[PDB]
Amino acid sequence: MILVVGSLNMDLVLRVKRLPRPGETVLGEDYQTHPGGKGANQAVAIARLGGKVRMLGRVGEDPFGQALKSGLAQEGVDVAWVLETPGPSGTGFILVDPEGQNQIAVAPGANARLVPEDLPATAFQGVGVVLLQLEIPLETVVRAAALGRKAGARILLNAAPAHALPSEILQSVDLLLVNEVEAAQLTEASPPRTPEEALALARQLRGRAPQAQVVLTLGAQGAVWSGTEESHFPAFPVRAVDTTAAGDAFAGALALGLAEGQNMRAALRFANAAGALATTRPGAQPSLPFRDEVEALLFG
């Protein structure tokens, strides 16, 4: 059983011919609404992947409030903890060029009012894995770590994007899960070209975070694991059609893979299969695989 302590955003997606330069105005097409948020994506991905999960966060009392809420439950995810707030929900401002080069910005609204005291013990009860991204406040992440620990959950932090973390928040975490961009401003060195220039950046985190097994997500090249050992996990070779649900469909899948009680090697190859088959379909949440394909891909 998993607890996502993470963000709920309805996204406004607006196609342009080329992305605007600074100071430049461009006309695009009519925007569309799809549920966004690393947190929500992660819960759906987990349910899709055949697993019991619950969202802890906060939706608005605008129209999109109930859509975030609804769609999440239709996937088969317990939303009992999805606490309603005034103002809008969360909203993301997505500009996609016809190639997939896109530009995302997120209005937190209801996500940035999910407070350190909103977190109630019973959200965390019976939970095997607490999954944290940073599309919710920070003290709500220091606090969500501590309560997941008190409930006997493994703390998986998906840091998306990167900040400066004191070793306060890495002797607290059971697994750190990052992509190239994040690994780069969590160390202040050259972003990883090879799996070697990564497996290094791994020990340069595992350095800060002794008993936190570190996972680093490469794209096209997969991911490396520097913990009980040092390893590289080949990506699955498939047509990079769309990379919405990046270190994200991986994150949900890893969280679910460890919850369901798979060894680390298998949950990583599960997360690779997951966030590869994410790329072969267009869009955020419709791309996020069912257990059917992943379990079928992972034998053929």
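Position 1 is the first residue in the sequence shown; the rest follow in order.
J.: So, looking at the entry's B-factor column for Cα atoms, which has the higher mean, 107-115 or 179-187?
T.: According to the entry, 179-187 carries the higher average C-alpha B-factor.
J.: On mean Cα temperature factor in this entry, is 286-294 or 6-14 the higher one?
T.: Per the PDB entry, the higher value belongs to 286-294.
J.: Among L138, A162, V215, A146, which residue carries the highest C-alpha B-factor recorded in the PDB entry?
T.: Comparing C-alpha B-factors across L138, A162, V215, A146, the maximum falls on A162.
J.: Per the entry, which of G152, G222, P98, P86 tops the list for Cα B factor?
T.: Out of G152, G222, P98, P86, the record gives the largest C-alpha B-factor to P86.
J.: Is the Cα B-factor recorded for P195 in the lowest, middle or highest third of its chain?
T.: Highest third, going by the recorded CA B-factors of the chain.
J.: Going by what the PDB entry lists, where does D248 fall on CA B-factor within its chain: lowest, middle or highest third?
T.: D248: CA B-factor falls in the middle third of its chain.
J.: Going by the CA temperature factor in the PDB record, which third of the chain does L131 belong to: lowest, middle or highest?
T.: According to the entry, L131 has a C-alpha B-factor in the chain's lowest third.
J.: How does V241 rank on Cα B-factor within its chain, lowest, middle or highest third?
T.: CA B-factor rank for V241: highest third.
J.: Would you check the entry's CA temperature factor for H232 and let me know if it's in the chain's lowest, middle or highest third?
T.: As the PDB entry reports it, the C-alpha B-factor of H232 lands in the middle third of its chain.
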